[PDB]
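Engineer: Can you read through this structure? Questions will come right after.
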Amino acid sequence: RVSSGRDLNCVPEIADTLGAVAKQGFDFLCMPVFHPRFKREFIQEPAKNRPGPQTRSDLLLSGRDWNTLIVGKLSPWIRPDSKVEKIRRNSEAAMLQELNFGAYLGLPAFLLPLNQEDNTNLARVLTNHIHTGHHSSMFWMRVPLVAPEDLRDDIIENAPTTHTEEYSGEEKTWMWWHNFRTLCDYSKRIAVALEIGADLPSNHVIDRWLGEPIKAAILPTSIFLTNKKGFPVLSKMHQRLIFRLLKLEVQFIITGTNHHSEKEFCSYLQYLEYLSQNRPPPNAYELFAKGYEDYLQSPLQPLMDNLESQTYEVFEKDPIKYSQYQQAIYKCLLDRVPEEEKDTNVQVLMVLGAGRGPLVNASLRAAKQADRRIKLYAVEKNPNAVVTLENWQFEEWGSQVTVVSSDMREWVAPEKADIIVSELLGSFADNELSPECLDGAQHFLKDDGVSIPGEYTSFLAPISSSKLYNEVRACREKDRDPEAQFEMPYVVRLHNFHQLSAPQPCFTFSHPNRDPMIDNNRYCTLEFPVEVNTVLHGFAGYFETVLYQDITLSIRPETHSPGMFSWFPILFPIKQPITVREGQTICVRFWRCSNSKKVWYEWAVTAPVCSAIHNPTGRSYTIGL
Amino acid sequence: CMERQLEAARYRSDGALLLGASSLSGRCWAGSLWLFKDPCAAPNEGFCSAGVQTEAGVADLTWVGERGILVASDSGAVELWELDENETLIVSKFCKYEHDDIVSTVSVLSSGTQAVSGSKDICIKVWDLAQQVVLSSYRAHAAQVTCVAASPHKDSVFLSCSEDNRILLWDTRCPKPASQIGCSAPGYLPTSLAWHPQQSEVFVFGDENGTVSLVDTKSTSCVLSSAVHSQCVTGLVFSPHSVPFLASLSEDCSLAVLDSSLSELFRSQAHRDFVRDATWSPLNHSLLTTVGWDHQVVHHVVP
Ligand SMILES: Cc1cc(NC(=O)C(=O)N2C[C@@H](C)CC[C@@H]2c2ccccc2)cnc1N
Ligand SMILES: CSC[C@H]1O[C@@H](n2cnc3c(N)ncnc32)[C@H](O)[C@@H]1O
């Protein structure tokens, strides 16, 4: 259900308080570790020599309780970016002191505010603490959707609130976060505690926080409307934002006093519970992929490598994908063999990369459904899977199926095929080298034969995710280029990200390829109109494929085959993020490159600024032939 | 559960001394209200006329007439405490949780029937002290409200200042009740406010850099300003004298007393922690009482 904490700025007795919030149903407590009002001097006598204790004792809670239940809060008087030198110097010393005490107690998270534009010294001091022993602790930067100045009552006679469109200005709060996080070099220990006001801004202002590392959402008691019964509740627009945040599995923090006096403090929480329980439950795709959100994996190479048993097992647990192969074979059989030839014409049907045989079985189911005679060859170079095929063939299939343990580019076929059937497609369509494989098998397709699939097309879309940029950055390994992790694709269920433009087609391949001059290399230029302010961290890749006529597979979000989980999208990162302003065009360039031995991708952004060419000559990433 | 950080000191008309205190460190972070009919006996608990414990700290304090005490709580509550008929006990009259963070400042209006509070939630509230409800709530500032100060003779008028670097002059009779006034340009943040007792139209404000400024509301130009302190000016209290003296308090742990042209007449280092409040004896107009975080009650004679 919902993981949620209480925010307090007043704790007379930490034992009594923690006991109250637990009874109320909260999971944790954000509280001060020094008294909020207890300003301390470090430079000038006599206040410097103030007798201790300087705060309450670590002995008042178990180590377990500090480690799990308590989030520290930086004292509000601490202003490292004050215009007064004495207040900068004193706040520097006081920030180190409060942060160091937090680390001493082993607190899971510490809260710091972004409440003005200049937080340069605040960032310098946090960055200095972060590099003082490797610790686990998180820094939650408390920042609002809407700056207080842009939220104030219109009640100052000689300083009115502007009633004019201020598109970039209404986003000023995101730029506070962006500048802070950049100063601190994208540390994985610095996240956002997004604070939500009575009146939500424009959507574009909200959409800014897509792709951002949001660990907490803060809800003040103020923003809760009241209903018939008296219960605290939220506007339908506030409910929309909660539903968005629940999918980022954020922690909810309740801040402020109980304004619904007649009702308990369970109610506020009980509303969020009511909201999380009464959302649209998980569909077959969401339920399946729940564990994989933003998990980077290297792409499988089923040509160069032999896939494991358990990898074929997940490929085969996709009934929608095989229904579609069955229907494509069903319709092809009827178009090639007339009714009055059904007993006489036996079609030669060849599965090219048969694994443990799911296309073989779909081929038999198809022939029995169409009432046509077929002859199956099962071609598979992974000799481990060939074991599975040969036990199936002796146990169930019999002499109808001939298992062939070899590479489809080498196999001297005894006869030509009416239909070749294959499933050699990666997340970017051609990234497992289906083109090269089916090209080498073409010579044993009949002059009028059919490849299922007949056609496939890759798609790209620019994305923003400061979260995935950090996940890629953290894939540095010894004994290779320090920047090699940015010059290779990853297969990932992209979750915390922003799609910045509609996907566009990249590379297309047709089978059979009758062309006298076969070249599988490619150069594509794509222009992506962007209608927001954002940051570019890479390109999401998808594919569509025509199996036969109108029967298709797709993982392109707009045309995604319903209920199909065999493929996740791919991610092409770039080394340095790129600022994109509202109105500007992202221009990306992709090449498919090859020699005798290797196929690879190279890519580059050429607008609104140029990147380096990524993966030149396959130095960081190659796909083996 | 004792409180050694002295926050407030206010002489009543008959010369009795009100103390507010916080615990800002140790096991319990609470507060307490004391009354000393003998002012020389303070701050010693054993020779008090009356005392009570509060749930939470006290950030600011003020008399409400002769028996009433109005409290700015760490809890977010504004509390009104009444005095016993025999003035032995101090009983809670109302405790209302209407601020969302620490209440930092309170001020009684001229009528004595209404008050205004300022908080770290950036809000300012006007209270009816008979009906125990908030009449108005104003989000005029963009940061925490440091100080609110009721006009001495007009119920609809009061000052406020904030870390948003605004000094607001308020008149609740105007449809837009706040007005921005001060020096020409970029001030160091305003920290303390005091209306002139004689001139409706003039006040002083202390800054976080130690400067004290004399301001005319109408002329909206800083008449005078002097570097009085090495640190933040936390309070400003005019004496009851016919031509009044100005007492200024600072985190620099000093008291200064100033004339109408802001020249230095007196200066006390007797405090060895921050100086939090001051009141002039209504009996002996040359007697000035200070309290501070060092738990000292100093009685200065002022030439
Ligand atoms: C049939 C087929 C299917 C695929 N599909 C994929 O690669 C793929 O998207 N995923 C993501 C997830 C669904 C778990 C399996 C697999 C994977 C496992 C471990 C490392 C990377 C990827 C690729 N090629 C072919 N031919
Ligand atoms: C079901 S995933 C794709 C299957 O095709 C097989 N495959 C890939 N390339 C070739 C090839 N050139 N010859 C035969 N089988 C192949 C792989 O071993 C895998 O089992």
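Throughout, chain A uses Swiss-Prot numbering, with the displayed residues spanning 13-637 in order.
Using N, Cα and C of the backbone, Cβ positions are placed for all residues, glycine too.
When I checked Swiss-Prot for this same protein, it listed these features:
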type	residues	note
REGION	A:13-292	region 'TIM barrel'
DOMAIN	A:308-615	domain 'SAM-dependent MTase PRMT-type'
BINDING	A:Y324, A:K333, A:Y334, A:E392, A:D419, A:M420	S-adenosyl-L-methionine binding site
SITE	A:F327	site 'Critical for specifying symmetric addition of methyl groups'
BINDING	A:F327, A:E435, A:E444	protein binding site
ACT_SITE	A:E435	active site, proton donor/acceptor
ACT_SITE	A:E444	active site, proton donor/acceptor
REGION	A:465-637	region 'Beta barrel'
REGION	A:488-494	region 'Dimerization'
Engineer: When you scan the chain for residues with a C-beta under 8 Å from the region 'Dimerization' (A:488-494), skipping those not six or more beyond its ends, what do you find?
Structural biologist: 631-632
Engineer: What number of additional C-beta atoms lies within 10 angstroms of the C-beta atom of A:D419 (S-adenosyl-L-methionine binding site)?
Structural biologist: 14
Engineer: Starting from the Cβ of A:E392 (S-adenosyl-L-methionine binding site), draw a 10 Å sphere and report how many other Cβ atoms land inside it.
Structural biologist: 25
Engineer: With an 8 Å cut-off on Cβ-Cβ distance and a minimum sequence separation of at least 6, pull the same-chain contacts of A:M420 (S-adenosyl-L-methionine binding site), or say none.
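Structural biologist: In sequence order, A:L364, A:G365, A:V391, A:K393, A:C449, A:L450, A:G452, A:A453 meet the Cβ cut-off.
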Engineer: For the region 'Dimerization' (A:488-494), what does DSSP give as the number of helix, strand and coil residues?
Structural biologist: 0 helix, 0 strand, 7 coil
Engineer: Would you list, in sequence order, the residues of this chain other than A:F327, A:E435, A:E444 that have their CB within 8 A of the centroid of the site's CB atoms, where the site is the one recorded for protein?
Structural biologist: A:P314, A:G365, A:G367, A:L436, A:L437, A:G438, A:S578
Engineer: Go through the binding-site residues A:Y324, A:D419, A:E444 and pull out the ones with a Cβ less than 6 angstroms from some atom of ligand 2.
Structural biologist: A:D419
Engineer: Work out the three-state DSSP category of A:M420 (S-adenosyl-L-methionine binding site).
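Structural biologist: In the DSSP reduction, A:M420 (S-adenosyl-L-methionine binding site) maps to coil.
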Engineer: What's the number of neighbouring CB atoms sitting within 10 A of the CB on A:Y324 (S-adenosyl-L-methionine binding site)?
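Structural biologist: Looking across every protein chain shown, the total is 19.
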Engineer: To the nearest whole angstrom, state the Cα distance for the pair A:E392 (S-adenosyl-L-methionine binding site) and A:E435 (protein binding site).
Structural biologist: 12
Engineer: Anything from the recorded positions A:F327, A:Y334, A:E392, A:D419, A:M420, A:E435 with its Cβ under 6 A from ligand 1? List those in sequence order.
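Structural biologist: Near ligand 1, sequence order: A:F327, A:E435.
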